[PDB]
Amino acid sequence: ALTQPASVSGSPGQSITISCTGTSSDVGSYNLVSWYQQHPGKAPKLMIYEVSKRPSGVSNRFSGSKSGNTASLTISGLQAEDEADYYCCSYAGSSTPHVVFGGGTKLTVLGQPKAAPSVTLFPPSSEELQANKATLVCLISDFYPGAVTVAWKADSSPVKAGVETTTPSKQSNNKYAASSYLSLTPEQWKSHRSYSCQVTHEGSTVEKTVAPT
């Protein structure tokens, strides 16, 4: 591979540069470096080709350079739509011609206001209970940034077994959302007085509670 920075941040209306360090057998040898921008759920989109050259319908904001063994992509005038994964690619092969890619770079467009999460807890359904099963569902849906920690409590005391949590993800609102599940047995569900879902977000917790009675 070529070594790319894992993550890059900047403020709106400014420029940033994403490195793409290669060897003398790729970026050093050839002027065939390309850059691709990938949005969630979508195939990658050619932004830059031949180090500097730009395809038809790509904005001027996207500039391409290369010095020695490292490539760089500069995005002038940062817009919110620029938030995506940025891969760098190059031609390789002294006597064995191949293509190599970059590890990738998530660009974060700063400015989005910090939002405290919104927790909703559902109890097991009676119709799920009739299947000799019980599941509690924790939904966190309106928070920025997209870093949360969930922790489950049964009668005030921690439980960690049968927890299946999703990693947070953006919504239409452009605020992050996560879900949490606690898979129980009907015996456990009935035998406890309370069950809790404690969600910690940047040094602060929102706990919801549900009771079988």
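Numbering starts at 1 and follows the sequence shown.
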**Fill in**
Higher of the two mean Cα B-factors (18-26, 198-206; per PDB record) comes from 18-26
**Prompt:** Comparing 131-139 with 76-84, where is the mean C-alpha B-factor higher?
**Reply:** 76-84
**Request:** Report the third (lowest, middle or highest) to which the CA temperature factor of residue 172 belongs, ranking only the modelled residues of the same chain.
**Result:** highest
**Record-listed C-alpha B factor of residue 155: chain third** = middle
**Chain-relative CA temperature factor third for residue 37** = lowest
**Prompt:** What third of its chain, lowest, middle or highest, does the C-alpha temperature factor of residue 120 fall into?
**Reply:** lowest
**Asked** Hey, what third does residue 90 fall into on Cα B-factor, ranked over its chain?
**Response** lowest
